[PDB]
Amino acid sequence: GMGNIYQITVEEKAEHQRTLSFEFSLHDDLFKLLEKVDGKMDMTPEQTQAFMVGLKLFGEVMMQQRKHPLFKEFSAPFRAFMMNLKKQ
């Protein structure tokens, strides 16, 4: 769908307390998707949230880099995985 722009920040809790921050666009409304799958995945809310954030982040990059040989061969099993998740 429509591109939605997010800022993603990751900070180390311990040791050096290093941080990274980057802007990223997803073609789904992530917060609406999180409400929708909430309690549908047969996992805890923490797991559901991390899994969905992680999947949309790496899945979007593969959509942008479709022709990359890192991803051409994985596009089939990944799509099958996505289709099974959407049946939930």
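Residue numbers here begin at 1 and follow the sequence given.
- Mean C-alpha B-factor is higher over 35-43 than over the other stretch, the pair under comparison being 35-43 and 59-67.
- Split the chain's modelled residues into thirds by C-alpha temperature factor. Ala76 is in the middle one.
- For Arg18, the recorded CA temperature factor ranks within the lowest third of the chain's modelled residues.
- Per the PDB record, residue ranking by Cα B-factor puts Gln88 in the highest third of the chain.
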